[PDB]
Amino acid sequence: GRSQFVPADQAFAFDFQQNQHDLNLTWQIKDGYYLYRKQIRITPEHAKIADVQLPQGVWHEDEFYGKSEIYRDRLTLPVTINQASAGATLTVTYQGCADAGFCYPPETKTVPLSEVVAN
């Protein structure tokens, strides 16, 4: 596998589904690739979300971040939107790495949040 250079969006396929106050963020993680738990950052703009609890991954060693908690196969992350104005967004930044050696740069996605009136 010399074409082990698969673009970030095929290694770490991101998607989201919102139903009112409930948002689910999902990454399907290609076999031989992993996301760093400590590299995930989620930032609302014109919205208020509950603190996001990242789930328990597995420990793994590499030469970028030393001994790290990582995620394989899939990551499912619920987010609770307490309020969102019209045109609110959520910025989702994450970084992953290939077993084959090389580390991807951090990726940022912007999720358009559907409006949620407080309460």
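When you see a residue number, it is the position in the sequence shown, counting from 1.
- Taking the mean of the C-alpha B-factors per stretch from the entry, tell me the winner out of 61 to 69 and 35 to 43. The stretch with the larger average C-alpha B-factor is 61 to 69.
- Query: On average, are the C-alpha B-factors higher in 110 to 118 or in 2 to 10?
  - Reply: Per the PDB entry, the higher value belongs to 2 to 10.
- Per the PDB entry, which option out of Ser85, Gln53, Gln56, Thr93 has the greatest Cα B factor? In the PDB entry, the greatest C-alpha B-factor among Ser85, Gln53, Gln56, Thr93 is found at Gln53.
- Task: Tell me, lowest, middle or highest third: where does the Cα B factor of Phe102 rank within its chain?
- Result: Ranked within chain, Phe102 CA B lands in the highest tercile.
- Message: Split into thirds by Cα B-factor across the chain's modelled residues, where does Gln18 land: lowest, middle or highest?
- Response: Ranked within chain, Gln18 CA B lands in the lowest tercile.
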